[PDB]
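For reference, the chain that follows is the form deposited in one PDB entry, supplied as structure tokens.
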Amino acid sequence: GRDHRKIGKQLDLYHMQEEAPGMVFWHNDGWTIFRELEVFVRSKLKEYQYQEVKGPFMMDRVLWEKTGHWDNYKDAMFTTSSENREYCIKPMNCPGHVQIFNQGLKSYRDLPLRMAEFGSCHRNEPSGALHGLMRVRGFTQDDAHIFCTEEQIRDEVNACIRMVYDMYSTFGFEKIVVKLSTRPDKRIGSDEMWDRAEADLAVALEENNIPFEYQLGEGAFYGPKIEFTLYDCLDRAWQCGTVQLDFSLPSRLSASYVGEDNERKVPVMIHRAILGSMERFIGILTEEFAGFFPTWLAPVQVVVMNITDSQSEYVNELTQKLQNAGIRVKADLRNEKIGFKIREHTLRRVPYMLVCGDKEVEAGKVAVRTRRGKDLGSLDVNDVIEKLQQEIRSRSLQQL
């Protein structure tokens, strides 16, 4: 029993309905998980030196036909109109990122320019194939685009690779399969361009001792790509990560920069996503942990509870201390038995349950108990807050 649909209903994370096929209603607790995942990605964006931008939801069809994706993907577009002009709701964030790149004069000094976005994308997929958070219409891509020179591709692909494995290992995903898609029959650019582009991805992987299988037929018309597939605890494959070279879209959208020789060069563009889809990754995480989210991701991290009315003031004071320390905490002061209380929050998958009786109030302590059923006993209040802070801020998979 690890269905994300089931756990999503039980823990009141999200729901879906027929009026909005493949588009998620995020409830309070599920939206908390979403935002903590977002905060985690932002810390990595800062570490790996990315800008974070936000592009518009719609854009003119005139611009979308200039991208070169229209013929292959017009059936997957959501279109709307206003004042005799047809606009596409964006399925990808790349054209919008080029529009920001084109504002102001760029030079080689500004490259590599790394532009990230939590980009809300909509794709008009057949409704019959939709299921849960795994196959959806509306989703949020942990997207970024790297504008760089031909000489900087090698280093930026290395950095993307490091960022992929770093982020996957945070959630305990160590079994990764890597696939390098080579030149297709369609394709733009010369054979010498594809020789170099394919070598840049291959050597970057080889130098990091990462084994990979070639995918000969597959690969986009605008460049080769690396795709990363993680494996969950049921040994199910999930293609999440991508690193995709592009020698087309920047030229077609009039992107350029002044080089060191004062000539106009078209920048090389690297598409990349790691989690793939925020909704989809949450689904995978919900199943991986079976509702037992690590404390940093958990909607409710601690519940503090009393035995009788005698300890209510102490529990309220302890609740405020935990809230002051940046912990998501609730107080359970109901007139129920301690076994009833602990069970409700053990079923809700609350990492820690802080019991406070007369023993604990007089001592300045708290009786800590995990959702796994491990009784840690009466511990000092300041010691508990300190260890919870470390677990949350280090983003540890394991409890005490």
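Rigid core: the largest C-alpha set superposing within 1.5 Å between the two forms. Numbers follow the displayed sequence, beginning with 1.
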> Where do the C-alpha atoms have the higher mean temperature factor in this entry, in 275-283 or in 321-329?
Replying inline: 321-329
> Between 157-165 and 127-135, which has the higher average C-alpha B-factor in the PDB entry?
Replying inline: 127-135
> Looking at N93, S190, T149, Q244, which has the biggest Cα B factor in the entry?
Replying inline: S190
> Of the choices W64, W26, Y48, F40, which one's C-alpha carries the largest B-factor in the record?
Replying inline: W64
> Compared with the other modelled residues in the chain, in which third is the CA B-factor of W31?
Replying inline: lowest
>> Using only modelled residues of the chain, where does the Cα B factor of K179 rank: lowest third, middle third or highest third?
In response: middle
> Sorting the chain's CA B-factors, does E386 end up in the lowest, middle or highest third?
Replying inline: highest
> By the record's CA B-factor, is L379 among the lowest, middle or highest third of residues in the chain?
Replying inline: highest
>> How does the C-alpha B factor of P299 compare with the rest of the chain: lowest, middle or highest third?
In response: lowest
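Beyond the structure shown, there is the form deposited in another entry, which is absent from this document and is the topic of what follows.
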>> Given a cut-off of 2 Å on Cα movement between the shown form and the other one, rigid core as reference, pick the single residue from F228, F171, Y222, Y257 that exceeds or meets it.
In response: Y222
>> After core superposition, I'd like to know whether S190 moves between the shown form and the other one (criterion: C-alpha shift of 2 angstroms or more).
In response: yes
